[PDB]
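Chains as they are written, first to last, in the entry's author numbering: chain A, 5 to 166, 174 to 230, 235 to 262, 267 to 318; chain B, 5 to 165, 168 to 252, 258 to 318; chain C, 443 to 589; chain D, 106 to 168, 176 to 215, 220 to 353, 416 to 441, 445 to 466; chain E, 1 to 45, 54 to 200, 230 to 266, 355 to 562, 569 to 611, 618 to 627, 633 to 696; chain F, 1032 to 1325; chain G, 1130 to 1178; chain H, 1228 to 1276.
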Amino acid sequence: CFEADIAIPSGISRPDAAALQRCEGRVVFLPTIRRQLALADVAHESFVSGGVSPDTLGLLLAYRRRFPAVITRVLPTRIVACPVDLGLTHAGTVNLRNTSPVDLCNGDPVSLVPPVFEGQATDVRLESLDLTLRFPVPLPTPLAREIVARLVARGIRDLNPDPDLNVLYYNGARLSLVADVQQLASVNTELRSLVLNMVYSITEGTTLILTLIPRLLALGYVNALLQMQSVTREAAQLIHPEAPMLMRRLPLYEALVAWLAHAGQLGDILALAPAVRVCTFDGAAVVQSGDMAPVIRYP
Amino acid sequence: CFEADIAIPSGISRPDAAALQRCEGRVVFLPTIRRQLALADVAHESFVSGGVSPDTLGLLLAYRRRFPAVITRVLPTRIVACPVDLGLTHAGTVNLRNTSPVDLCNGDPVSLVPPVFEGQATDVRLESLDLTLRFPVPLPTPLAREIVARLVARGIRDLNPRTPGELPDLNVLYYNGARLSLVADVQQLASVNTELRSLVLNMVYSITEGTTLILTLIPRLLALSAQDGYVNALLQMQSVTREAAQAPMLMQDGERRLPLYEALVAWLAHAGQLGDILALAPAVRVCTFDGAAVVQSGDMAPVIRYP
Amino acid sequence: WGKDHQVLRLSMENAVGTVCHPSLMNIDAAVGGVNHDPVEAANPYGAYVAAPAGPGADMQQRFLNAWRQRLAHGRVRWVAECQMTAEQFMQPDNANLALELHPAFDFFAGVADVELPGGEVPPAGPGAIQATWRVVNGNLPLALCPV
Amino acid sequence: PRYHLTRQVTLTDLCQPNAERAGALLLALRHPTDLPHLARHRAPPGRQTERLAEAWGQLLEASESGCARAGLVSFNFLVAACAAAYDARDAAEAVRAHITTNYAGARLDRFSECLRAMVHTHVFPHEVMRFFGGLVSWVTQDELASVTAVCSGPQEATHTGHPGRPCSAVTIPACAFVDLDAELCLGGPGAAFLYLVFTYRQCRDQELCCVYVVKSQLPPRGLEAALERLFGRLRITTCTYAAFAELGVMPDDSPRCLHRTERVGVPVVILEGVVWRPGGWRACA
Amino acid sequence: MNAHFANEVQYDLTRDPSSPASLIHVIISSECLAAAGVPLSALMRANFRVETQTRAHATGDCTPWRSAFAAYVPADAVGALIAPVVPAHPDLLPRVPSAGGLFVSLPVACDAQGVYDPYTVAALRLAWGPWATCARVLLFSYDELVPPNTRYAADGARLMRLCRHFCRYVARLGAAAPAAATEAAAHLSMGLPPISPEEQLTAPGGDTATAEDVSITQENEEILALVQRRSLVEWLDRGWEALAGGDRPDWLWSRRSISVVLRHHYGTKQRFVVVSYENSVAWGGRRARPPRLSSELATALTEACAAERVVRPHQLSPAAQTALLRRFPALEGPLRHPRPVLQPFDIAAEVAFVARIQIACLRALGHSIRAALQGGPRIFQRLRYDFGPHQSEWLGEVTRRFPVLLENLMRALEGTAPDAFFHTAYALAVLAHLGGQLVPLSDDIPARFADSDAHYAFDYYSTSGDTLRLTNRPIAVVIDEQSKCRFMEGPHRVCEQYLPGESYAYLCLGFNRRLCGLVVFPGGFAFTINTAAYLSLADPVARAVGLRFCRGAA
Amino acid sequence: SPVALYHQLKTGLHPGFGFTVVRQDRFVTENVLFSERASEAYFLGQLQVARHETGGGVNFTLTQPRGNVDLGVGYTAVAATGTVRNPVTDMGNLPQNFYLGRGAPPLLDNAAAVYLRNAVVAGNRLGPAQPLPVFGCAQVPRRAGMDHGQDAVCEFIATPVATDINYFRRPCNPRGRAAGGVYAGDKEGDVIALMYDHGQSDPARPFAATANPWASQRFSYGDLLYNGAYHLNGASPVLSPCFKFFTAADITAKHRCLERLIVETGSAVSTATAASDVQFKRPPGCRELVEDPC
Amino acid sequence: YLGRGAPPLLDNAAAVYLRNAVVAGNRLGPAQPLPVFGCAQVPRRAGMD
Amino acid sequence: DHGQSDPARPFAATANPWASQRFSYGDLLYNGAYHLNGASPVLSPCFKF
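As structure tokens, this is what we get:
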């Protein structure tokens, strides 16, 4: 466990005190693991990286970088959180607040960005000292990997326009991804940099491989076994893409590292690895929105 | 820890007993899970295969099928090692030694790389027990993923000559400054070839049917180039993207399969996994308790679990 | 006798699992290990095959005059018809003792490199120590199989 | 904290742990009322997606959900239902003589149709029926269920010796001698690393299903190339075959066994003492 | 099987534009290798590399050596395709045995609207190892290789016997067949002896367009009439998918159309097999890209010389020459070249290309031996070997023995075959020098032969008895008034252990990249020879020589 | 041929030559140990263990250190040997199977060797079922019952028939020539000289050189079978009796200072195992503490 | 060029000509250039006085 | 390394190209790796530099 303290700063109001009473059991990110911490390491204003507000890329860099902490008991003058990342595996049971999907008896939930859901939901602001606590969303591993690839696919059809990607049933429920009225116009400008990252790593590599493999095999165990498991797959992709597209070794192999350098970035960026597990005891095995859940430490 | 010991088998060179003292916090690759094991499978003579020693890409493949272990405490009788693959259950955060020219960060994932540096060989020699020791160099993982792409592509240039002898060396590295030159001495072919094939075969499956619609927007990329900052910096100069610019192909069956959404899945399946299938898996993460934001070269950093 | 007042029997059908493996015909390292430190010209009368030349009518008077020289030179490898048994086992009188190695084979000083179905007069000079193959059991020498 | 308890309340329409053993390798049924939808999605359109809409719907016919959701899948329920599928017949089929005499093939026959129907529309049975644990207690009612079958690390196979002084409890059967695939005949001393692999054959054996456990002293990075080798079911081209997750560590290779006595004579392997690292799945190739 | 299939993946090359090609499956059997000079034991010891290059008949250059595949399987090589072997079920198809050999398909030079050029040779090379002694060369013209049509009529009797043998295997074995195999048997009995694969060669039936054979039958069975008034192949897949348990694309074309044609070899009177499947992109396949072959040159130059009874087309009439030249324009080479380095219109035109080089070097040898040995010589010595006191009387013979050798060396240089001469040191030392006027074949040349002129390379002949060669390997001994010898760096041959001229009963004979050779006798008594003053090899003659005998090093 | 020699013996006919048999019985004895008064040292230490808590307490071992020297400059306190309890492994008829392990190039006529494959290994007690995988032991089967004791291994070496029976009326070396590292005179080259150089005579039987030249010389048929360098067996866990005799390194590996020679005979490690149905060659983790004068 | 927020030139022939004309050797000059995620990597020189 | 500037004067690489560079005329004369001078008693003052 090793409970860590976050210091409440000076004079706040009772609704600012009540804002601290509506967050008992949320998820909090922090840079270092000092046993006494302040609120200045917590806020969304502490996420500035280039002088501007971070995007969902700029958050997911930090959301994979800094450290999760879960507030067990709220306090005046302190914030007690028993942090997840310390402790041995499957010990130190902690309690979370669900958001609209289930969080079943297993699932290994993952912290991720707020604007994939309602952006000014869970962006809880302190009014007196004027800071913003944008709490991440704890989604389980199948659906968390599902919704992350859909809006960036929806960003493509929103990029250069001329089915509807947004229905996405759960096991029982119909999950309305679209919060239309004011959010989706802010969606395609807050995942704005991120869509370019999913695109440029595809346009580079595919246009690199179609001048790599024809430059390979004649420049032999990898030669004949290139299309051995790719018979009528890669040569068919050589038949389909190389015809309706365009067609240099020393810049090429220089571009080989650079794309694959960007590839190793995105794997750390994407895919939303599990950090904490739901595997409770004597529950109804099914969590609802706004209800607590016993959550155990390691995947 | 699930304690694992390695004894001091036979004799001691009396200064070299002190050489085992200053290796506290380093990494031993032992290819087992033992309660006791000899020191013969530890050293680089065990890393040498039948007749031939591995290259720095073969040592990646040699560090593939062995098990790293942390030096915990050094006795004159034994050396207690903690099995990284299982026994990382340490709230005490069993400590490691940074032997690397890079001052890291706080919060880096740390993966292990063979000694390939020009001046940090990590060569310590035992002559009473005739063994050679190469300690791995712990590094931050994006800097680790910047290295393995160089060394395979340098061995890609070991297959084809063609070009004039002035090649880009793939031997100048960049971390905030800090010009790094590494060693290019020998490139064994099978370590290059099997690493090259998985670079080919994974990039095969990472293209799908709905992937092809994205290829149409390649001239759309340069339309953002002369009208912003972010895109123009994203578009590299030494890229084929600026070179290839100088269409649905209808085939539409059913059209309720989400073809664009299915493209980003299997692309991420194999092209999304390119650092870890070529190199070692990261399981070491920088975590200092005192609030220190960086960890000096030679320091003892506390180590936490899988990133 | 067993571990009782019990009788036991060992046949030579007993020997089925040992003599019948395909290692009886495994003499690769044998010819190689004996080959270095060579042997001189052992005037190879019986250690060389000639291809035929001309009619058979005069073929003696070829070979009479062709081996007129390296026939009275020394002796052939066999002298053991005069040798009694264990005179082969003793260190003197058998320089060919270190040449009897396999029950199924022969190591003898033959010609070096000339392919066998060819030529008449082989080039006496350096020698070679190779094989032939023992065909039937009677080819064992008569100090090892008594008459 | 090297002792844990987990609990899920389901039906005995599934496993019936009173008909099971003390040691069974239970699966959950996560996303249980799912897959009419993902039958339609994630597949190329030459798969005729109206199959799994009825296929699981015939399963719960044999088994209204109510307030006791369909879950806690046994280890037996996949072996015998794939016994006619994979390359073992009349020995894997002895698991069917274990189920139908103790549990019921009525629920198997609807689900063996699902094992040809789930794999049909690329709805692969990995990441559904997620791992739950080793069936500690069975505080179930008559027709309903309440099981504690702890997840959460090594403590499931430690908390087996302490409760009963005589012999051993659970002791983690393999439930088929065909199962516990004896990989690494190249034998040496160490610890065992257990995994749960679903090997497929897509349109060759008409959407094959397979459930068995591997035996290796191998890392996850030394297991994927071990998943490319030793197979003869490569003859496919769709793709993404041979998923696997970590069943965890058996930190002893000395305590494996060879038996045929359980509960119908079914071959069975005793495995005493296991670090149950719950692991993660992977399916790309 | 798959060596015929994987070479088609090299026929799937396509990409960058070049003269368009074909591919012919050619199965050499046992005695066509054995009569060639191929040891069948050494290739029996399945994927094997074959270095191939193609050669025109009239003039021009050759292809560089192309790495190909092979499958050398001792079996009934015709019967193994026809009756394959399941590991569980080897008696799925009992058959009649036959001879066997290597499975190699070979590519074909064509044209745009391909008219293949006969007399033009593709050259095989089997490499047992690195050395030229571990090498043979094979000759194949397109007259030898290309039939006009195949014989898929023999495929008609084969396929229904397959369905009867699925009707034969389940009825014998019974309930031991699994659930997918007990179905597909009786689905082949509602659709209607061993299989001898050799009868598909010897039954006189082939291909026909059959459109003339429908009208010849429609006007034959209407006489008749006026006076009067899922398939089985889909059940063959489950026949394999249950008995094997998998797809096996090796066996997938054993169910489809297979033609097995017999032809013959113009070099050693041998037989071999021409094969085409249905689904092969190779020649004779029924899935193939145009352009294909045209048997037009094999009918033009024949019938213009057969109807005119012109026995040799240099005796062709001048209008009968140029009218063929107005038809087919690639024949200006073999009809209108003053001295083509390849002989026009002969069978052994590639063989007579070789025998000149065998001749022209011997005169370059024979008039150079006379050059350093014009009169009474003074040779005194060149090496350092000291004597015992009675050892000089051995050289008392070498005075008397001497002059009979230099005839019999040159007699043996005549006495070798030129095919057996190219494995010796002098035939490759010239290639190390003709590449210097390029790496010659088999890489017998070390890495340091091309450094100095002091790196020589020897052969060894027997002095006494018969004057015979005592090597396989050119033994390259580095030589320093006096100069002592030194070897180079490094399956067991007797004489290869000594220094040159070190002992009796050895003649030593070394050569250079400078092509100034040595003749080393025992006792230091040696002398250089300027054979470079006698090698008269014309470069346009020699440029077809080197390209067939060099290897482009990577 | 090996095929013909399979085909002569089952009929029963003497195939031109003979053999010799080398096997290993094993005897549990009750020894007697006299000692002198003051010989050993044997000190004592301290007793505490609070080890790793394994659940419901660690349960509190307490180990103690000791140690002991040979307080005596001579051969104090020695030994005896007097009784024969029971002959643990039987006097037995059980032959040797060379098809147990992979060691040799097979026949190239593959139709012949697979005929002779099961022809030899029809029903040997040392004959496996489901034969050799790539790595691993042959897995010698288990018969349903065993009565007299552990089984013997009767390995055979080809001999000419025309030797003396006088040799073998003595405890002699079965290879036909003295081989052990006792007889050499410390001239650094005589060890292998008596072993293979048959220019000299036998140290044992000096009027001759060998007794079986097929068993004696380098690369002979005796030397080709059981040499440790060639390692024909090594997959098969059946212990060779003849492995002990035929090893060029191991006899040469021994010293010759007599003080250490005799005390190793009091406690040597055998190559056999008294915990297995056959002479399974000694498992690498176990001790045996044999006497072994051979 | 340490920053990247500015929209660049539209002609590419002026884009990476004027970019590397300045950056070419500056004490503040971004070598191994600006990653989308990462830092500008200011060239630290060997000695500073 | 003239890719990095002078630590003494950061706005310039060196102040002399003829001596300060490797294999330049200063290093040819006065570095002791060549010792063009020295079998000689007279002290080169520039040996230390």
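For every residue, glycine included, the Cβ atom is placed at its ideal position computed from N, Cα and C.
Residue of 268(A), 299(A), 206(A) and 83(A) minimising C-alpha distance to residue 25(A): Checking every option, the nearest Cα to that of residue 25(A) belongs to 83(A).
Three-way DSSP call (helix, strand, coil) for residue 672(E) in this model: It is a strand residue.
Cβ pair residue 233(A), residue 246(A) closer than 8 Å: The structure shown gives no position for residue 233(A): in chain A, residue numbering passes from 230 to 235 with nothing in between.
Beta strand (DSSP E) segments (min. 3 residues) lying fully within the region 1216–1300 of chain F: Counting whole runs of 3 or more residues, the region 1216–1300 of chain F contains no beta strand (DSSP E) stretch at all.
Cα-Cα separation, residue 303(D) to residue 221(D): Each residue's Cα considered, the two are about 39 Å apart.
As assigned by DSSP and simplified to three states, the class of residue 317(A): The three-state reading of DSSP puts residue 317(A) in coil, since its state is none of H, G, I, E or B.
Closer than 8 Å at the beta carbon, the chain E residues around residue 348(D): Per Cβ cutoff of 8 Å: 370 and 371.
Expected contact under 8 Å - CB spacing of residue 293(A) and residue 114(A) to nearest Å: Residue 114(A) and residue 293(A) do touch by the CB rule: their CB atoms are close to 6 Å apart, below 8 Å.
Assumed close pair residue 34(A), residue 46(A) - CB separation to whole angstroms, cut-off 8 Å: The Cβ separation is near 6 Å, so the contact holds.
Residue 638(E) at chain J interface by Cβ criterion, 8 Å: In the structure shown, chain J does not exist; the protein chains are A, B, C, D, E, F, G and H.
Pairwise C-alpha distance: residue 33(E) and residue 488(E): Each residue's CA atom was taken as its position, placing residue 488(E) and residue 33(E) some 34 Å apart.
Neighbour flag for residue 1141(G) against chain B, beta carbons, 8 Å: Yes, because at least one Cβ of chain B sits closer than 8 Å to the Cβ of residue 1141(G).
For residue 93(E): DSSP bridge partner residues: DSSP lists no partner for residue 93(E).
Assigned exposure category for residue 275(D) - 16 Cβ within 10 Å defines buried: Buried, by the Cβ-count rule.
Local conformation of residue 574(E) per DSSP, three classes: Helix at residue 574(E).
Of the residues 272(A), 102(A) and 126(A), the one placed nearest residue 308(A), counting alpha carbons only: Ranking 272(A), 102(A) and 126(A) by Cα distance to residue 308(A) puts 102(A) first.
Beta-carbon spacing of residue 123(A), residue 297(A) below 8 Å: With respect to residue 297(A), residue 123(A) sits apart: the two C-beta atoms are not nearer than 8 Å.
Short CB-CB distance (under 8 Å) between residue 1165(G) and chain A: True, the Cβ-Cβ gap to chain A drops below 8 Å.
Residues near residue 653(E) in its chain [Cβ-Cβ closer than 7 Å; skip 5 each side]: These residues qualify, in order along the chain: 550, 551, 554, 587, 588 and 659.
Start-to-end residues for the beta strand (DSSP E) that takes in residue 247(D): If you look at residue 247(D), you'll find it in the beta strand (DSSP E) that goes 247–249.
Alpha-carbon spacing of residue 1323(F) relative to residue 1111(F), whole angstroms: Answer to the nearest angstrom: the Cα atoms are 14 Å apart.
Contacts around residue 1130(F), its chain only, beta-carbon distance under 6 Å, and the 5 residues preceding and following it disregarded: Cβ neighbours of residue 1130(F) within its own chain (closer than 6 Å, five residues either side excluded): 1151 and 1152.
Contacts of residue 65(A) in chain G (Cβ-Cβ under 9 Å): What residue 65(A) touches in chain G: 1166.
Alpha-carbon to alpha-carbon, residue 188(A) and residue 109(A): If I take the Cα positions, the gap works out to 23 Å.
Proximal residues, the region 232–245 of chain D versus chain A, C-beta separation under 7 Å: Listed by position along the chain: 243.
Reference residue 121(A), options 133(A), 138(A), 129(A) and 95(A), closest by Cα: Closest in alpha carbon position to residue 121(A), among 133(A), 138(A), 129(A) and 95(A), is 138(A).
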